[PDB]
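> Below you'll find the structure I mean.
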There are 2 protein chains.
Amino acid sequence: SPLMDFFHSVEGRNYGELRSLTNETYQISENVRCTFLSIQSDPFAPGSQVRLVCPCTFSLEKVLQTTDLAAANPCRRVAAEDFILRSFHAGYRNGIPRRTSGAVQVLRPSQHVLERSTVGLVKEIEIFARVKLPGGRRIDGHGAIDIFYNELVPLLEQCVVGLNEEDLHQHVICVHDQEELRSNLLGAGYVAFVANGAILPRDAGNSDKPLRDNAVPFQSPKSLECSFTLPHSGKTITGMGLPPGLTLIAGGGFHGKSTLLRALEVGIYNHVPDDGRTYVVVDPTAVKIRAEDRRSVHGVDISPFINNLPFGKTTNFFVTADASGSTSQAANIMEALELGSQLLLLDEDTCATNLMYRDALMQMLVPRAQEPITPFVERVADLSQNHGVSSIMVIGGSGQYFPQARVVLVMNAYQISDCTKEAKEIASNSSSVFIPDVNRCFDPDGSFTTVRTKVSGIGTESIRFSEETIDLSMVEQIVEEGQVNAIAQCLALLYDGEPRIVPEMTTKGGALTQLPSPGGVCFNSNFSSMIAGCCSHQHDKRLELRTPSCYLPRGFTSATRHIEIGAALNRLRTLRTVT
Amino acid sequence: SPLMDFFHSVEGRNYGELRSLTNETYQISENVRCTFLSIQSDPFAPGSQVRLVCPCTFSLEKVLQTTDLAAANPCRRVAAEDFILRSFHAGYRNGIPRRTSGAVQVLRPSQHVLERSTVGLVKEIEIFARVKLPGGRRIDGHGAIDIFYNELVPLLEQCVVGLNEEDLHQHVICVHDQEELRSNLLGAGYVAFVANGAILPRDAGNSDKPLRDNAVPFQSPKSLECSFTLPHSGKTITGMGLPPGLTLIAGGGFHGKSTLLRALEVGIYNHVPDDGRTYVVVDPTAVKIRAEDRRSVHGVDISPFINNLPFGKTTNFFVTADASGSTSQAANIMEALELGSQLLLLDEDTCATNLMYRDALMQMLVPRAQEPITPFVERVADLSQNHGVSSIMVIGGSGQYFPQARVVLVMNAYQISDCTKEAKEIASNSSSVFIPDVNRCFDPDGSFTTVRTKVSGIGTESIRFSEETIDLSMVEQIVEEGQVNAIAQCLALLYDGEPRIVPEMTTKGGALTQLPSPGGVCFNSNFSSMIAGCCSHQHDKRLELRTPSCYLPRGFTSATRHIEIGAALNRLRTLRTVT
Ligand SMILES: Nc1ncnc2c1ncn2[C@@H]1O[C@H](COP(=O)(O)OP(=O)(O)O)[C@@H](O)[C@H]1O
Ligand SMILES: Nc1ncnc2c1ncn2[C@@H]1O[C@H](COP(=O)(O)OP(=O)(O)O)[C@@H](O)[C@H]1O
Ligand SMILES: [Hg+2]
Ligand SMILES: [Hg+2]
Ligand SMILES: [Hg+2]
Ligand SMILES: [Hg+2]
Ligand SMILES: [Hg+2]
Ligand SMILES: [Hg+2]
Ligand SMILES: [Hg+2]
Ligand SMILES: [Hg+2]
Ligand SMILES: [Hg+2]
Ligand SMILES: [Hg+2]
Ligand SMILES: [Hg+2]
Ligand SMILES: [Hg+2]
Ligand SMILES: [Hg+2]
Ligand SMILES: [Hg+2]
Ligand SMILES: [Hg+2]
Ligand SMILES: [Hg+2]
Ligand SMILES: [Mg+2]
Ligand SMILES: [Mg+2]
């Protein structure tokens, strides 16, 4: 009642009158209370931060297993929080609100189940939102009363207090078994697993939802079939297990190779049970590797792939403002290695192919003396045998990886086939360099000298760091705005505590054995250890970092790997590195 | 005086009081008058549209050649307007304004000289801007008086009335000789020309300015050297002329191949005289061709490259919501052909390489029966001999195009070399399908049925069409926001006059012999003829189209080819096509 009474008594008064709200709590329903955290300056501006809280109506026993929240599996807690968020949003599609304003901004999840600051299960369910308070320049009492009483209150009462305890419990189970399966891949002796009956294709070019119509379910070649009995559902699933080493994915155009590789890329994530890619997992450290022309690089050793540059330019400590296709990809590989990646994913179409192979005709035209590039084909075995680093590759034009392949697959009309033997036969009927101990200090002094601040995430595509744009359009395993919001935050903290935080983070990271994953479960350099500290700390700090440089509201952050954090900083154009 | 007096007498009064401005003209200086066109609703909103006018202080005789503006060469008029705009902006860097607010928004040009609605030479110089009128919710009289009196007035008086008549005249000459050279390429028997002494490289990965330091000037191989005496400067320049047919650009990594191809891509444009790429020209219809995964296609015949798709899917009238690498590239090629392109530019790194070639080992694994893709290598000669369509290609991995090549170039440390003979030798020491008469009606009925409007350009990267995002991030010859603003406008007009405009445009386009180029100088289907009408009309209408669906201010539009207009519509996901 009170809040409505309030919005009544201010119905016409001046907008600044709203400031009285700040920090206050209002029962707008029996089950729904509403704290204001912040109040907007004008109606035009970014809305007031709000926190809404309602209670567990489901049983911590059935759903979380443990009696009290602290003792619960963080993976189930995260999956639950991901369910509640989805329910909330679905509530709009089912027209639950008596009135729909569009003044509410709550983070929208992806197909993936991530830890986010948006929905919290506390010791009691809290949701963080921005509400654009209605108001010509005086308060709209009734505009606002609708938002809270006839949009939010019912929404929460219904799709949240009123959530389906059974639906939730099955959501948590599916998410948990996915995590089980991925975190058992290594032990079981695999590098990837594609579950039979999976629906790999998406519904459109700009969709991440499964194909509705005529999707051809994935079926494992009989020779690669694996089984895993999931602990929580108790169900036993079969699929294709890929062993350590080099896997080739071959086949004609439009036969699904890239569609399969994509599912693999995002196999470091758990999905919504009906995503179609559930139980399609890969090594948690898997990195999509691609050419990235024109990107900048600082202090990366790519001499395993590139030597003898024009004018004797160092590849041992490579530094450009304008990468080519081959040196950007080699830089990506070497940065992936430093950040901990044990599995490389490649797709011929986005590869700098001159990096990949060179036929004999070409070597005649352009002899190795004229050619800085050492092909990947001559290094892939080095990486795998000496360093435990596997590769999966979609290939078209060339078959000269057949010899190195441990698995060669052929795709015909979306069907997978094991053609390893035939591959090897064709190979006969025809015709360490890496060092785990990388040398790199991030140089905060050099990197930050031009900073005039503001650090903000821009969609999924970039970070605005002062007068600098960090381009993430080709860091392709970034999946949610919240992740970018996450990256933009250590950056701001990395900068705001400029002197003490870098040595702190770098020391922190050297110590660690386990890094937190995006689903919440918990080769070296100064740089990577720092990065490993960048977000060990951010995860302890529960994903949000209040610093003078950060202007992000509460509840718009999503977990990301340390690999992606390092990904962003590697691509900062002011970046300076040292020894 | 008056306007200041005005902004004084309203200094504290309510913001709505500003509406009195609208449509009024104010002499804020002897040489500078200022019409308001529009006034913002609130201070927060997008600013008031303003038009400022000052006079020719330079001589139409020396600069434009003709006595009166109407009779002047549109290319010189456009170049002049491009100079004045640049001068205006430079005025900020040289701190000309006594006060710099940041409330002024004028379109910023690129390195390229384009026709724009921003600066107009009329029969008298007019500039179109948005000014964010300062104002808590009441007018800022002094905030505003600064903007006009101490920022704009001096700016225009100084870098515009006070422009360097000699600098301008040399700008116009350079631009005109560039246009002369490109529009004489065909006649002279070439397809591209790279002027000796050109500075191809850019200064950074995210810059379009020439490299400052240690740039290695382009030098033509002696065997390809051409000369052209420019009519207006009277200067004679030399460089590399590329003949019709297939040119290969080969060479090691980091040797400048992509840097050269890029200069070629944008060689359909005129640049600022000190750009470094001036007199680096190609066929005006040149199109960069690349893979574009996941894009949508409707009604394109790609059967020259793709046949036998899974489940008997038509390639004769190809239609997906999710293109693969090979079918999107083939679709790009076929769309380019339909839109009139006589010159194809390709770069191995962004190619779907399985489209490009397949080695023998691969054909053993995956026989043609399993392979929908017919390689480009088997079609390039068809295109060139039968249809006059040339190709220039950066290639790395494979040398199987050597046989078809008419010119093979090798790049070593940024030096170009003619290795055609040696290429051919290696080729020996080893080992029509297109139909000009394309069948396609745009179907306005099918395409527009989901439109709930608003059409707006988003940077250089996309168009927002109702609840649809047209993705242009890989239409790579788009160079200015204004071009996107241009495309977004026929779309809105195409839609707003839904019934009568499509048959009108399509008829208009069938009639035409000459299409206007971005610098202002003036294979078939229903679709392309429509497109050729889309912007014959937009150019007559002087680039701006007032329709209920368009909310773009005056003076933020830039010319684009019809090819790019068609480029955008081909990529609309609701697009429906017919016969
Ligand atoms: N298993 C599948 N079932 C149904 N459709 C699929 C399947 N895999 C891919 N597709 C669809 O067919 C198209 C071709 O797939 P893609 O993997 O891109 O081919 P390529 O082998 O060239 O990578 C895609 O646009 C996708 O939407
Ligand atoms: N003529 C030149 N003079 C000086 N630097 C150049 C020149 N051409 C290219 N570069 C620089 O060297 C790098 C390699 O050029 P690029 O064309 O990308 O190599 P690639 O042959 O692999 O395409 C680019 O980042 C560019 O900035
Ligand atoms: Hg709640
Ligand atoms: Hg877990
Ligand atoms: Hg499941
Ligand atoms: Hg398995
Ligand atoms: Hg590859
Ligand atoms: Hg086989
Ligand atoms: Hg983290
Ligand atoms: Hg923050
Ligand atoms: Hg002027
Ligand atoms: Hg001209
Ligand atoms: Hg010039
Ligand atoms: Hg020439
Ligand atoms: Hg190519
Ligand atoms: Hg040569
Ligand atoms: Hg046009
Ligand atoms: Hg308009
Ligand atoms: Mg492929
Ligand atoms: Mg290249």
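Chain identifiers are assigned as A, B, and so on, following the order in which chains appear in the structure tokens; residues are numbered from 1 within each chain, and ligands are numbered from 1 in order of appearance.
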Sorted by chain and rising residue number, which residues of chain B lie within 9 Å of ligand 16, and what are their closest atom pairs and distances in Å to one decimal, counting only C-alpha atoms and all ligand atoms, as JSON lines?


{"residue": "B:408", "atom": "CA", "partner": "ligand 16", "partner_atom_place_in_ligand_line": "1 (Hg)", "distance": 8.9}
{"residue": "B:409", "atom": "CA", "partner": "ligand 16", "partner_atom_place_in_ligand_line": "1 (Hg)", "distance": 7.8}
{"residue": "B:410", "atom": "CA", "partner": "ligand 16", "partner_atom_place_in_ligand_line": "1 (Hg)", "distance": 6.9}
{"residue": "B:417", "atom": "CA", "partner": "ligand 16", "partner_atom_place_in_ligand_line": "1 (Hg)", "distance": 5.7}
{"residue": "B:418", "atom": "CA", "partner": "ligand 16", "partner_atom_place_in_ligand_line": "1 (Hg)", "distance": 5.2}
{"residue": "B:419", "atom": "CA", "partner": "ligand 16", "partner_atom_place_in_ligand_line": "1 (Hg)", "distance": 3.6}
{"residue": "B:420", "atom": "CA", "partner": "ligand 16", "partner_atom_place_in_ligand_line": "1 (Hg)", "distance": 7.1}
{"residue": "B:421", "atom": "CA", "partner": "ligand 16", "partner_atom_place_in_ligand_line": "1 (Hg)", "distance": 7.6}
{"residue": "B:422", "atom": "CA", "partner": "ligand 16", "partner_atom_place_in_ligand_line": "1 (Hg)", "distance": 6.4}
{"residue": "B:423", "atom": "CA", "partner": "ligand 16", "partner_atom_place_in_ligand_line": "1 (Hg)", "distance": 8.3}

> As a PyMOL selection string, please: every protein or nucleic acid residue near ligand 6 (cut-off 7 Å, counting only C-alpha atoms and all ligand atoms).

chain A and resi 188+190+193+226-228+239-241

> Could you list, as a list in words, all protein and nucleic acid residues with an atom at most 6 Å from ligand 17, counting only C-alpha atoms and all ligand atoms?

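Checked against 6 Å with only C-alpha atoms and all ligand atoms; the hits are residues 535, 536, 538, 539, 560, 561 and 562 of chain B.
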
> Write the residues of the preceding selection, restricted to N, CA, C and O atoms, as a PDB file, in the first residue's frame.


ATOM      1  N   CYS B 535      18.393   3.775 -56.277  1.00  0.00           N
ATOM      2  CA  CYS B 535      19.249   4.935 -56.050  1.00  0.00           C
ATOM      3  C   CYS B 535      19.593   5.826 -57.236  1.00  0.00           C
ATOM      4  O   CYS B 535      20.392   6.751 -57.099  1.00  0.00           O
ATOM      5  N   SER B 536      19.001   5.579 -58.390  1.00  0.00           N
ATOM      6  CA  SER B 536      18.973   6.624 -59.397  1.00  0.00           C
ATOM      7  C   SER B 536      18.091   7.746 -58.842  1.00  0.00           C
ATOM      8  O   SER B 536      18.440   8.927 -58.888  1.00  0.00           O
ATOM      9  N   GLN B 538      17.258   8.204 -55.614  1.00  0.00           N
ATOM     10  CA  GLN B 538      17.803   8.781 -54.390  1.00  0.00           C
ATOM     11  C   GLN B 538      18.858   9.846 -54.693  1.00  0.00           C
ATOM     12  O   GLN B 538      18.995  10.828 -53.955  1.00  0.00           O
ATOM     13  N   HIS B 539      19.595   9.654 -55.781  1.00  0.00           N
ATOM     14  CA  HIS B 539      20.587  10.630 -56.215  1.00  0.00           C
ATOM     15  C   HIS B 539      19.912  11.877 -56.808  1.00  0.00           C
ATOM     16  O   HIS B 539      20.351  13.006 -56.558  1.00  0.00           O
ATOM     17  N   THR B 560      26.495   6.078 -52.058  1.00  0.00           N
ATOM     18  CA  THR B 560      26.932   4.731 -52.008  1.00  0.00           C
ATOM     19  C   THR B 560      26.605   4.192 -53.393  1.00  0.00           C
ATOM     20  O   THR B 560      25.871   4.827 -54.042  1.00  0.00           O
ATOM     21  N   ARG B 561      27.217   3.118 -53.886  1.00  0.00           N
ATOM     22  CA  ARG B 561      26.806   2.520 -55.145  1.00  0.00           C
ATOM     23  C   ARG B 561      25.487   1.822 -55.042  1.00  0.00           C
ATOM     24  O   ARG B 561      25.052   1.540 -54.002  1.00  0.00           O
ATOM     25  N   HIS B 562      24.853   1.566 -56.159  1.00  0.00           N
ATOM     26  CA  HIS B 562      23.679   0.706 -56.149  1.00  0.00           C
ATOM     27  C   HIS B 562      24.046  -0.703 -55.679  1.00  0.00           C
ATOM     28  O   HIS B 562      23.209  -1.422 -55.144  1.00  0.00           O
TER      29      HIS B 562
END

> Select residues of chain A: the criterion is any atom within 6 Å of an atom of chain B, counting only C-alpha atoms; output as a list in words.

residues 204, 205, 252, 253, 294, 295, 310, 321, 322, 349, 352, 353, 354, 357, 358, 359, 361, 362, 370, 371, 372, 396, 397, 398, 399 and 413 of chain A

> Taking N, CA, C and O atoms for each residue, export the selection above as a tab-separated table (two decimals), in the first residue's frame.


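Heads up, here's the output in again_33.tsv:
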chain	number	residue	atom	x	y	z
A	204	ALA	N	18.23	-20.40	-37.19
A	204	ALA	CA	18.44	-19.37	-38.19
A	204	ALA	C	19.87	-18.87	-38.09
A	204	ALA	O	20.59	-19.20	-37.16
A	205	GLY	N	20.29	-18.05	-39.05
A	205	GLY	CA	21.64	-17.52	-39.04
A	205	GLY	C	21.94	-16.62	-37.86
A	205	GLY	O	23.07	-16.52	-37.42
A	252	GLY	N	31.79	-32.51	-47.67
A	252	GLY	CA	31.39	-31.54	-48.67
A	252	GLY	C	30.74	-30.28	-48.14
A	252	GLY	O	30.40	-30.18	-46.97
A	253	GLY	N	30.52	-29.31	-48.97
A	253	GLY	CA	29.85	-28.14	-48.50
A	253	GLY	C	28.41	-28.31	-48.15
A	253	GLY	O	27.70	-28.91	-48.86
A	294	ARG	N	44.41	-7.54	-38.72
A	294	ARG	CA	44.46	-6.16	-38.36
A	294	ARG	C	44.42	-5.90	-36.90
A	294	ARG	O	44.42	-4.81	-36.52
A	295	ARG	N	44.37	-6.93	-36.09
A	295	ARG	CA	44.38	-6.82	-34.63
A	295	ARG	C	45.76	-6.43	-34.16
A	295	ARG	O	46.73	-6.60	-34.88
A	310	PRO	N	60.13	-9.27	-42.62
A	310	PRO	CA	60.76	-8.14	-43.28
A	310	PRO	C	61.43	-7.15	-42.33
A	310	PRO	O	60.79	-6.67	-41.40
A	321	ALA	N	50.76	-3.21	-34.45
A	321	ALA	CA	49.49	-2.55	-34.44
A	321	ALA	C	48.58	-3.01	-35.57
A	321	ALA	O	47.52	-2.54	-35.69
A	322	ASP	N	49.05	-3.87	-36.43
A	322	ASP	CA	48.30	-4.30	-37.58
A	322	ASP	C	48.68	-5.69	-38.00
A	322	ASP	O	49.51	-5.86	-38.85
A	349	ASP	N	37.64	-22.28	-43.11
A	349	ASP	CA	37.10	-21.06	-43.69
A	349	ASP	C	37.54	-19.79	-42.97
A	349	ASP	O	37.66	-18.75	-43.61
A	352	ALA	N	43.79	-18.53	-41.64
A	352	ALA	CA	44.80	-18.07	-42.57
A	352	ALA	C	45.43	-19.31	-43.18
A	352	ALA	O	46.33	-19.88	-42.58
A	353	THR	N	44.95	-19.69	-44.33
A	353	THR	CA	45.30	-20.96	-44.92
A	353	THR	C	46.76	-21.12	-45.23
A	353	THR	O	47.23	-22.20	-45.19
A	354	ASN	N	47.46	-20.06	-45.54
A	354	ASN	CA	48.89	-20.14	-45.72
A	354	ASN	C	49.64	-20.58	-44.46
A	354	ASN	O	50.73	-21.04	-44.54
A	357	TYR	N	48.75	-24.87	-44.55
A	357	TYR	CA	49.52	-25.67	-45.51
A	357	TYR	C	50.03	-24.84	-46.68
A	357	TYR	O	49.63	-23.69	-46.86
A	358	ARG	N	50.94	-25.43	-47.46
A	358	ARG	CA	51.40	-24.86	-48.73
A	358	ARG	C	51.72	-25.99	-49.70
A	358	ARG	O	52.50	-26.87	-49.38
A	359	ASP	N	51.12	-25.98	-50.89
A	359	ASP	CA	51.38	-27.09	-51.80
A	359	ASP	C	52.76	-26.91	-52.41
A	359	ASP	O	53.43	-25.90	-52.19
A	361	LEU	N	53.65	-26.67	-55.56
A	361	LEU	CA	53.70	-25.68	-56.62
A	361	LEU	C	54.03	-24.31	-56.03
A	361	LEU	O	54.81	-23.55	-56.59
A	362	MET	N	53.44	-24.02	-54.89
A	362	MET	CA	53.62	-22.73	-54.25
A	362	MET	C	55.05	-22.60	-53.75
A	362	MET	O	55.67	-21.55	-53.88
A	370	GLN	N	61.66	-17.08	-48.76
A	370	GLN	CA	60.73	-15.97	-48.94
A	370	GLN	C	59.50	-16.08	-48.04
A	370	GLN	O	58.66	-15.17	-48.03
A	371	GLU	N	59.38	-17.18	-47.31
A	371	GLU	CA	58.16	-17.47	-46.57
A	371	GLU	C	58.37	-17.59	-45.07
A	371	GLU	O	58.88	-18.60	-44.60
A	372	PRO	N	57.98	-16.56	-44.32
A	372	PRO	CA	58.06	-16.52	-42.86
A	372	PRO	C	57.26	-17.62	-42.16
A	372	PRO	O	57.60	-18.02	-41.05
A	396	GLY	N	38.78	-28.49	-45.58
A	396	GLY	CA	38.26	-28.72	-46.90
A	396	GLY	C	39.23	-28.95	-48.01
A	396	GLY	O	39.31	-30.00	-48.55
A	397	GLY	N	39.98	-27.93	-48.35
A	397	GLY	CA	40.82	-27.97	-49.50
A	397	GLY	C	41.91	-29.00	-49.48
A	397	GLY	O	42.15	-29.63	-50.45
A	398	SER	N	42.59	-29.16	-48.37
A	398	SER	CA	43.77	-30.01	-48.35
A	398	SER	C	43.63	-31.24	-47.48
A	398	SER	O	42.96	-31.23	-46.45
A	399	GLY	N	44.29	-32.31	-47.89
A	399	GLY	CA	44.28	-33.54	-47.13
A	399	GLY	C	45.66	-33.88	-46.61
A	399	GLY	O	45.95	-35.05	-46.37
A	413	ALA	N	25.58	-35.34	-45.69
A	413	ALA	CA	24.22	-34.98	-45.32
A	413	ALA	C	23.97	-35.06	-43.81
A	413	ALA	O	22.95	-35.58	-43.38

> Residues at most 12 Å from ligand 4, using only C-alpha atoms and all ligand atoms? Could they come as a count of residues only?

32

> Tell me, as a PyMOL selection string, which residues lie within 7 Å of residue 389 of chain A, counting only C-alpha atoms; anything in the same chain fewer than 3 positions away does not count.

chain A and resi 342-343+383-384

> Take the residues just selected and output them with C-alpha atoms as a short mmCIF file (atom, residue, chain, number, x, y, z; two decimals), in the first residue's frame.


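As a result, result16.cif now contains:
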data_model
loop_
_atom_site.label_atom_id
_atom_site.label_comp_id
_atom_site.auth_asym_id
_atom_site.auth_seq_id
_atom_site.Cartn_x
_atom_site.Cartn_y
_atom_site.Cartn_z
CA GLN A 342 44.69 -27.65 -23.85
CA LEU A 343 42.39 -27.89 -26.87
CA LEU A 383 51.85 -29.62 -29.44
CA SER A 384 49.96 -32.87 -28.83
#

> Could you check the closest approach to residue 133 of chain A for each of A:113, A:484, A:160, A:21 and tell me which residue wins, using only C-alpha atoms?

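The answer is A:21, which sits nearest to residue 133 of chain A.
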
> Could you list the protein, DNA and RNA residues that have any atom within 9 Å of ligand 11, counting only C-alpha atoms and all ligand atoms, and write them as a PyMOL selection string?

chain B and resi 31-33+52-56+84+88+119-120+124-127+156-157+160-161

> Dump N, CA and C atoms for the selected residues as a PDB file, in the first residue's frame?


ATOM      1  N   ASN B  31      29.171  37.365 -41.872  1.00  0.00           N
ATOM      2  CA  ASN B  31      29.308  36.334 -42.895  1.00  0.00           C
ATOM      3  C   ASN B  31      28.538  35.041 -42.605  1.00  0.00           C
ATOM      4  N   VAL B  32      27.948  34.947 -41.415  1.00  0.00           N
ATOM      5  CA  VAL B  32      27.347  33.705 -40.932  1.00  0.00           C
ATOM      6  C   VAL B  32      25.920  33.864 -40.431  1.00  0.00           C
ATOM      7  N   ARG B  33      24.954  33.356 -41.184  1.00  0.00           N
ATOM      8  CA  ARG B  33      23.579  33.339 -40.701  1.00  0.00           C
ATOM      9  C   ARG B  33      23.187  31.922 -40.324  1.00  0.00           C
ATOM     10  N   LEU B  52      23.531  26.388 -41.163  1.00  0.00           N
ATOM     11  CA  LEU B  52      24.326  27.592 -41.168  1.00  0.00           C
ATOM     12  C   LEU B  52      24.743  27.882 -42.585  1.00  0.00           C
ATOM     13  N   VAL B  53      24.710  29.159 -42.954  1.00  0.00           N
ATOM     14  CA  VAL B  53      25.059  29.587 -44.300  1.00  0.00           C
ATOM     15  C   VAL B  53      26.066  30.725 -44.278  1.00  0.00           C
ATOM     16  N   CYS B  54      27.106  30.600 -45.088  1.00  0.00           N
ATOM     17  CA  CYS B  54      28.081  31.665 -45.238  1.00  0.00           C
ATOM     18  C   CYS B  54      28.347  31.807 -46.722  1.00  0.00           C
ATOM     19  N   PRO B  55      29.149  32.737 -47.211  1.00  0.00           N
ATOM     20  CA  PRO B  55      29.345  32.906 -48.672  1.00  0.00           C
ATOM     21  C   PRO B  55      30.600  32.346 -49.420  1.00  0.00           C
ATOM     22  N   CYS B  56      30.626  32.178 -50.768  1.00  0.00           N
ATOM     23  CA  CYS B  56      31.822  31.833 -51.619  1.00  0.00           C
ATOM     24  C   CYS B  56      32.708  32.975 -51.341  1.00  0.00           C
ATOM     25  N   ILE B  84      35.507  21.823 -47.854  1.00  0.00           N
ATOM     26  CA  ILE B  84      34.950  22.736 -46.872  1.00  0.00           C
ATOM     27  C   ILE B  84      34.598  21.966 -45.607  1.00  0.00           C
ATOM     28  N   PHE B  88      36.247  22.718 -41.930  1.00  0.00           N
ATOM     29  CA  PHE B  88      35.409  22.909 -40.758  1.00  0.00           C
ATOM     30  C   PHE B  88      35.890  22.067 -39.587  1.00  0.00           C
ATOM     31  N   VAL B 119      27.593  19.368 -46.540  1.00  0.00           N
ATOM     32  CA  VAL B 119      27.991  20.681 -47.015  1.00  0.00           C
ATOM     33  C   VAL B 119      27.423  20.879 -48.397  1.00  0.00           C
ATOM     34  N   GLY B 120      26.789  22.024 -48.617  1.00  0.00           N
ATOM     35  CA  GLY B 120      26.243  22.337 -49.922  1.00  0.00           C
ATOM     36  C   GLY B 120      26.789  23.632 -50.477  1.00  0.00           C
ATOM     37  N   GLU B 124      27.717  31.235 -51.509  1.00  0.00           N
ATOM     38  CA  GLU B 124      26.718  30.733 -50.573  1.00  0.00           C
ATOM     39  C   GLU B 124      27.019  29.284 -50.187  1.00  0.00           C
ATOM     40  N   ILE B 125      27.407  29.089 -48.931  1.00  0.00           N
ATOM     41  CA  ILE B 125      27.813  27.781 -48.430  1.00  0.00           C
ATOM     42  C   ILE B 125      27.000  27.402 -47.206  1.00  0.00           C
ATOM     43  N   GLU B 126      26.368  26.240 -47.246  1.00  0.00           N
ATOM     44  CA  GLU B 126      25.463  25.849 -46.180  1.00  0.00           C
ATOM     45  C   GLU B 126      25.892  24.543 -45.529  1.00  0.00           C
ATOM     46  N   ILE B 127      25.829  24.495 -44.205  1.00  0.00           N
ATOM     47  CA  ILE B 127      26.247  23.314 -43.476  1.00  0.00           C
ATOM     48  C   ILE B 127      25.117  22.861 -42.577  1.00  0.00           C
ATOM     49  N   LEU B 156      33.375  29.039 -38.640  1.00  0.00           N
ATOM     50  CA  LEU B 156      32.975  29.262 -40.022  1.00  0.00           C
ATOM     51  C   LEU B 156      33.667  30.467 -40.638  1.00  0.00           C
ATOM     52  N   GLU B 157      33.788  31.524 -39.867  1.00  0.00           N
ATOM     53  CA  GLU B 157      34.437  32.721 -40.315  1.00  0.00           C
ATOM     54  C   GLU B 157      35.848  32.434 -40.661  1.00  0.00           C
ATOM     55  N   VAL B 160      36.310  28.440 -42.830  1.00  0.00           N
ATOM     56  CA  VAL B 160      35.410  28.362 -43.978  1.00  0.00           C
ATOM     57  C   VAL B 160      35.274  29.577 -44.930  1.00  0.00           C
ATOM     58  N   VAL B 161      34.922  30.737 -44.427  1.00  0.00           N
ATOM     59  CA  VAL B 161      35.012  31.975 -45.169  1.00  0.00           C
ATOM     60  C   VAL B 161      36.470  32.275 -45.404  1.00  0.00           C
TER      61      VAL B 161
END

> Counting only C-alpha atoms, which residue out of B:337, B:216, B:283, B:415 sits closest to residue 392 of chain B?

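Closest to residue 392 of chain B, using only C-alpha atoms: B:283.
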
> What residues have any atom no more than 8 Å from ligand 10 when counting only C-alpha atoms and all ligand atoms, and can you list them as a VMD selection string?

chain A and resid 489 544 to 547 550 to 554

> Once you have the residues from the selection above, write them out as a PDB file, in the first residue's frame, restricted to C-alpha atoms.


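Result saved to out.pdb:
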ATOM      1  CA  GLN A 489      35.080  -4.551 -14.711  1.00  0.00           C
ATOM      2  CA  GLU A 544      30.818  -7.313  -9.345  1.00  0.00           C
ATOM      3  CA  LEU A 545      33.581  -4.758  -8.790  1.00  0.00           C
ATOM      4  CA  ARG A 546      32.616  -1.340  -7.459  1.00  0.00           C
ATOM      5  CA  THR A 547      35.330   1.083  -8.525  1.00  0.00           C
ATOM      6  CA  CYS A 550      32.849   1.416 -13.301  1.00  0.00           C
ATOM      7  CA  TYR A 551      29.315   2.727 -13.805  1.00  0.00           C
ATOM      8  CA  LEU A 552      27.517  -0.588 -14.256  1.00  0.00           C
ATOM      9  CA  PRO A 553      24.314  -1.232 -12.293  1.00  0.00           C
ATOM     10  CA  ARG A 554      23.878  -4.212  -9.996  1.00  0.00           C
TER      11      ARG A 554
END

> Measuring between only C-alpha atoms, which one of B:246, B:234, B:275, B:268 shows the shortest distance to residue 210 of chain B?

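Answer, going by the shortest atom-to-atom distance: B:275.
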
> Near residue 499 of chain B, within 12 Å and counting only C-alpha atoms, which residues show up once chain neighbours fewer than 6 positions away are dropped, as a list in words?

residues 443, 444, 445, 448, 493 and 505 of chain B

> Based on the backbone DSSP call, show me all residues of segment 273-509 of chain B assigned helix (DSSP H, G or I), as number ranges by chain.

B: 325-339, 348-350, 353-356, 360-365, 368-370, 376-378, 380-387, 420-428, 444-448, 481-496, 498-509
